[PDB]
Each structure stands twice: as C-alpha cells, then as structure tokens.
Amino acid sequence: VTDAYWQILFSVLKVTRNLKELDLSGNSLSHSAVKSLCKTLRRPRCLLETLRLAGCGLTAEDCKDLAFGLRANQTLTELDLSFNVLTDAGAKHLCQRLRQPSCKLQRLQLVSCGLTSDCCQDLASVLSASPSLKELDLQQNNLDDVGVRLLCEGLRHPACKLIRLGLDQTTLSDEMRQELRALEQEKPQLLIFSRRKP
C-alpha cells in the first residue's frame, strides 16, 4: 500500500454515510495517511463505531494524532492499535485522552505494542478515571511485576469500569499471580485472560 491509494479511500469515505466499521489492519499507513485518517475522524458526519489499525506501521507520533482525532468524536467505541511499535511514549499520548470524562471508548487493544512497566502508571490513571473503558487487551507486552502492580492499583478503584483485561501472566512472580487472583476474588465482574488462560 501507498499514500496514493489511501487518498482514494479517504475521498470515498467522504461520500459514505452510516459507515460503522473501518478495518485497515495489516496495511502500512504513512504519517501523512494517519493525518488524513484523523481529518476523516474529526468530521461531524463520521459515525464510525469500530476502527482497527492493527499491524499498520504506526509509531508514537501517530498516537498523538489519533488521540487528538478522538477528542473530536462521540461515536467510536472500539479501537485496535495492536502490532504497532507504539512504545510507552505512544501509550502516554493515548492515556492523556482516555482518562478524560468526555471519552466514550469502550474497547481498546494494545497487543504487542512495545509497552513496558513505564506506561503502567499512565494506564492505571485510565483504569481509575475513564467513564467508559470496559475491555483493555495488553497481551504480548513485557509489563513485569512492577508494571502489573501499578495496573492493579487502578483496577482496585471502585470507579474502574473494566470488565476484561488481557494480560501475559507466565513470567509474573508467584506473589504477583497471587495478588491478581485476590483481585479477581474481590472484583468478580472482572475477567483477566490471556492466550494461555482464555
């Protein structure tokens, strides 16, 4: 895929009405294409509910553009950014927006995004404050016990809306695995899953 292609798609999306899902996963988006997608998302006529950009070559700077694009939007409820090297800096840009009281996003996937424990204080601020986030998938990221303990500080908040958390647990310590099971006992509405424990 080239930007020339994407300009045809985004011109067509202007004439489209009632489009609820857009899945571009597996096709490279340049920074220019990301910016033009963000213009698309900002339109008052945009009714998209699901946007999937998994495996599209996105980087941290793209998260800044996407977060500002979501600021203008009351329809998008699911966003997939998996299989992109977002890094903790990219996650920080997303979390600034997701913690705002105006957010409507319900489902977010960040599988294999180059995240470490250094983004987990930002993700915990989301868990404790978001009005809308129900499902968060963080599998295939090296969070470690330090990061997972920060996540649990936000999951324990009684205002946390999360009911599904995808999380790698195999390399976590036994003490951490015990603390996660205790959290699950305490918050029976919450399912922690992984590709090993579906």
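All residue numbers refer to positions in the sequence shown, first residue = 1.
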- Looking at the entry, does 171-179 or 184-192 show the higher mean C-alpha B-factor? 184-192
- Message: Please compare 49-57 with 66-74 and say which has the higher mean C-alpha temperature factor in the record.
- Response: 66-74
- Item | Selection by C-alpha B-factor (highest) of 132, 141, 40, 27 | 40
- Note on the structure: One of 125, 102, 116, 112 has the largest Cα B-factor in the entry, namely 102
- Task: Give the position of residue 96 by CA B-factor within its chain, expressed as the lowest, middle or highest third.
- Result: highest
